[PDB]
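Each remark here refers to the structure printed beneath this line.
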Amino acid sequence: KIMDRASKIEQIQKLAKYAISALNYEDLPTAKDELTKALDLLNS
Amino acid sequence: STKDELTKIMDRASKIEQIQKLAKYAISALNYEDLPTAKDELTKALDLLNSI
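Residue numbers (the authors' numbering), protein chains in the order written: chain E, 286 to 329; chain F, 279 to 330.
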């Protein structure tokens, strides 16, 4: 469960990195979806 | 208004950099399992992005 949660946190961090990358292209819809997914995941 | 449009490019651009910075801060916060901070940062990032 500890390692599991740590992986969930890794996934949130990865999504945030993906969003940062998308924004280098001003790819707003991609970054919106990735941030939304990171937030939904962090909530649950 | 070349200058005024450049101001806009710089401002919307400043907003995008702030969104990226908030995401970076959230990544760092999560290294400390600091969920409330990361949640606030991602929320602010998403709100700023929706304003563009």
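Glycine is no exception: its CB is placed at the ideal position from the N, C-alpha and C atoms.
At least 8 Å separates the CB of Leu284(F) from every CB of chain E. For the pair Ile294(F) and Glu311(E), the CB atoms are nearer than the 8 Å cut-off. The beta-carbon of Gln296(F) is placed no less than 8 Å from the nearest beta-carbon of chain E. Secondary structure of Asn309(F) (DSSP, three-state): coil.
The way I'd put it, the region 298-311 of chain F does touch the region 293-309 of chain E; three or more beta-carbon pairs between them come closer than 8 Å. Under the three-state reduction of DSSP output, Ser329(E) falls in the coil class, being neither helix nor strand.
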